[PDB]
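# An overview of the molecular structure
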Amino acid sequence: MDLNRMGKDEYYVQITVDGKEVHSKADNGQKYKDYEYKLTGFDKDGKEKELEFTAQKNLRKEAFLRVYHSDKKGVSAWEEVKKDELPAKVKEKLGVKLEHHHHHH
């Protein structure tokens, strides 16, 4: 893990697609299967990135997953969180409602 300058991207995704066992990973000739999670990732800027990462284990569905990103390999490290653990600004980014300027004068 070369720290150097980091400057790494993180896409806030939501695990909607689950249980995709890709048995195409037979390779040696066994019954071991990776899981496919292809979804729309939202970056800090506010774009829509298309990414599909395969995991050895089946991860937490319905959760908000923070996926790391770098140009030389796309994806490698990622962590599972909830909207409560994320900054409220994320809700002010996606999921904003009207009448939310409700303040006393």
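Residues numbered from 1 in each chain as written, not as in the entry; some residues may be left out. Heavy atoms only, no water.

- In terms of determination method, the entry is listed under solution NMR.

- The title assigned to this entry in its PDB record is "NMR Solution structure of membrane associated protein from Bacillus cereus: Northeast Structural Genomics Consortium Target: BcR97A".

### Remarks on the overall build of the protein chain
- The number of helices and strands found in the protein chain is one helix and six strands.
- When the helices and strands of the protein chain are read in sequence order from the N terminus, they spell out β-β-β-β-β-β-α.
- Its C-alpha atoms give the protein chain a radius of gyration of 17 Å, more than 25% over the compact-globule value 13 Å for 105 residues.
- If you line up the protein chain on its principal axes, its C-alpha atoms span 70 × 35 × 20 Å.
- Across the 105 residues of the protein chain, 20% fall into the buried class.
- Long-range contacts, defined here as pairs at least 24 residues apart, represent 38% of the contacts in the protein chain between residues at least 6 apart.
- A total of about 9,100 Å² of accessible surface is found on the protein chain, and carbon and sulfur atoms cover 48% of it. (Helix = DSSP H or I, 4+ residues; strand = E, 2+ residues; numbered from the N terminus. Rg over C-alpha atoms; globule rule 2.2 N^0.38 Å. Buried < 20%, exposed > 50% of the residue type's maximum accessible area, 1.4 Å probe, protein only. Contact = heavy atoms within 4.5 Å. Areas by Shrake-Rupley, 256 points an atom, 1.4 Å probe, with all protein chains shown as cover.)

### Quick notes on the packing of aromatic side chains
- All told, the structure shown has two aromatic pairs when counted by the stated rule.
- Between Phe53 and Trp78, the aromatic rings sit 5.8 Å apart at their centres with planes inclined by 45°, giving tilted as the arrangement. With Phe53 in strand β4 (residues 48-55) and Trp78 in strand β6 (residues 78-81), this pair connects stretches of sequence that are 25 residues apart.
- Assessed through its relative accessible area of 29%, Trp78 is described here as partly exposed.
- Clustering of aromatic rings is evident, with ring pairs tying together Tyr37, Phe53 and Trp78. (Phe/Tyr/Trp six-rings, centres within 6.5 Å; stacked < 30°, edge-to-face > 60°.)

### Describing unusual backbone geometry
- Although it is not a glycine, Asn4 sits at a positive phi angle of roughly 45°.
- Turning to its location among the elements, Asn4 is positioned in the segment before β1 (9-14).
- Residue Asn4 is classed as exposed on the basis of its relative accessible area of 68%.
- Phi angles above zero are rare outside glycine, and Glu99 is one such case at about 65°.
- Turning to its location among the elements, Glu99 is positioned in the segment after α1 (89-93).

### Digging into the nonpolar core
- Grouped together as the largest cluster of nonpolar side chains are 11 residues: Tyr11, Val13, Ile15, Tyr37, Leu39, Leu51, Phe53, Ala55, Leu59, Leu65 and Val67.
- For this core, the secondary-structure elements that each account for two or more residues are β1, β3 (34-42), β4 and β5 (64-69).
- If you tally residues by element for this core, the top one is β4, at three residues.
- Here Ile15 is in contact with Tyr37, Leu39, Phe53, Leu59, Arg60, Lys61, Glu62, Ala63 and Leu65, once residues within four sequence places are set aside. (Core = buried A, V, L, I, M, F, W, Y, C linked by side-chain atoms within 4.5 Å.)

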